[PDB]
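Along the sequence shown, the residues carry numbers beginning at 1. The analysis underlying the following values was restricted to heavy atoms, covering all of them including side chains, and did not include hydrogens, waters or symmetry mates.
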Amino acid sequence: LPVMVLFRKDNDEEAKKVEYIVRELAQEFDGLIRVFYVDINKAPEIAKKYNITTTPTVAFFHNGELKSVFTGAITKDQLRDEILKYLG
């Protein structure tokens, strides 16, 4: 399954909308993708590995490889279109 990972900071107002969007897509594509939520402060080594410095950031992985990274202003349509790409 393709994987979508939300990198988040705890007290972040814009991160709230992206977290809603990601959870919405997680349900919409349940069973077809896996979604993980990484707290930058609780897991700094993962954020460091993936060069995550701003939050919210959403990354996509497939076949154990990093495929794309979205930062800054993030929309549901952007994320959904990536999900569809890796589903075929």
Side-chain angles (χ1 to χ4, degrees):
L1 305 180
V3 181
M4 176 174 62
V5 184
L6 173 58
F7 293 87
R8 60 178 182 198
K9 185 167 186 173
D10 202 16
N11 195 264
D12 196 338
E13 194 69 295
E14 171 69 2
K16 287 180 195 180
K17 73 167 289 195
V18 167
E19 186 134 39
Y20 278 118
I21 293 160
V22 170
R23 289 184 184 290
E24 290 172 5
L25 291 165
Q27 288 292 314
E28 177 182 339
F29 292 96
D30 180 46
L32 301 181
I33 67 170
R34 297 195 73 178
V35 184
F36 295 96
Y37 305 83
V38 178
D39 181 320
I40 296 315
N41 304 131
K42 172 159 192 154
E45 300 300 341
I46 297 171
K48 173 72 195 136
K49 176 175 177 174
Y50 290 113
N51 301 290
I52 305 305
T53 62
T54 57
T55 55
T57 299
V58 181
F60 287 90
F61 298 85
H62 199 199
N63 300 316
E65 298 174 308
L66 174 70
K67 296 312 190 182
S68 49
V69 173
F70 297 79
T71 62
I74 300 177
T75 73
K76 193 173 186 185
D77 287 339
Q78 277 183 297
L79 295 184
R80 174 183 293 109
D81 284 352
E82 271 297 285
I83 291 168
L84 298 172
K85 173 196 273 208
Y86 304 118
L87 292 179

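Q78 approaches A73 most closely through the heavy-atom pair OE1-O, 3.6 Å. Among all heavy-atom pairs drawn from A15 and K9, the shortest one is CB-O, 4.5 Å. Contact between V5 and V38 at its shortest, heavy atoms only, is CG1-CG2, 3.6 Å.
Atom CZ of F7 and atom CD1 of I52 lie 4.5 Å apart (nearest 0.5 Å). Taken from NZ in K17 to NZ in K76, the straight-line distance is 11.5 Å, to the nearest 0.5 Å. In this structure, NZ in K49 is found 9.5 Å from CG in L66, a value given to the nearest 0.5 Å.
Salt-bridge annotation for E19 and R23: present, with a side-chain N of the basic residue lying under 4.0 Å from a carboxylate O of the acidic one.
By the rule that hydrophobic residues join a cluster once side-chain heavy atoms approach within less than 4.5 Å of another member, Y37 and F61 end up as members of separate clusters. By the criterion of side-chain heavy atoms lying less than 4.5 angstrom apart, applied directly or through intervening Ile, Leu, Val, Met, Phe, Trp or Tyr residues, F29 is grouped together with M4 in one hydrophobic cluster. Linking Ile, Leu, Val, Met, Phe, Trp and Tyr residues whenever their side-chain heavy atoms come within less than 4.5 Å leaves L84 and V69 in two separate clusters. Side-chain heavy atoms closer than 4.5 Å link hydrophobic residues (I, L, V, M, F, W, Y) into clusters, and following such links, even through other members, never connects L1 to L25. In this structure, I33 is a member of the same hydrophobic cluster as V18, with clusters built from ILVMFWY side-chain heavy atoms closer than 4.5 Å.
Between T55 and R8 there is no side-chain heavy-atom pair separated by less than 4.5 Å. Residues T75 and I21 have side chains not in contact (no heavy-atom distance under 4.5 Å, counting atoms from C-beta outward). In this structure the side chain of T57 never reaches within 4.5 angstrom of the side chain of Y50, judged on heavy atoms. Looking at heavy atoms from C-beta onward, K85 lies out of side-chain contact with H62 at the 4.5 angstrom threshold. A heavy-atom distance below 4.5 Å is not found between the side chains of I83 and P2. For the pair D10/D39, a side-chain contact is recorded, criterion being any heavy-atom separation below 4.5 Å from C-beta on.
The local environment of OH in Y20 is sparse, with at most 12 non-hydrogen atoms from other residues, nucleotides or ligands closer than 6.0 Å. A 6.0 Å sphere centred on NZ of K67 holds more than 12 heavy atoms belonging to other residues, nucleotides or ligands.
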| message | For a salt bridge (charged side-chain N to carboxylate O under 4.0 Å, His left out) check, start with the C-alpha distance between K16 and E13, then their side-chain angles and the critical distance, and finish with the verdict. | response | CA-CA 5 Å; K16 287 180 195 180; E13 194 69 295; 3.1 Å; yes
| Stepwise side-chain contact (heavy atoms from CB on, under 4.5 Å) test for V22 and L79 | CA-CA 8 Å; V22 170; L79 295 184; 4.3 Å; yes
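Under the 3.5 Å distance criterion, with hydrogens and angles disregarded, a donor-acceptor pair is assigned to the side chains of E82 and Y86.
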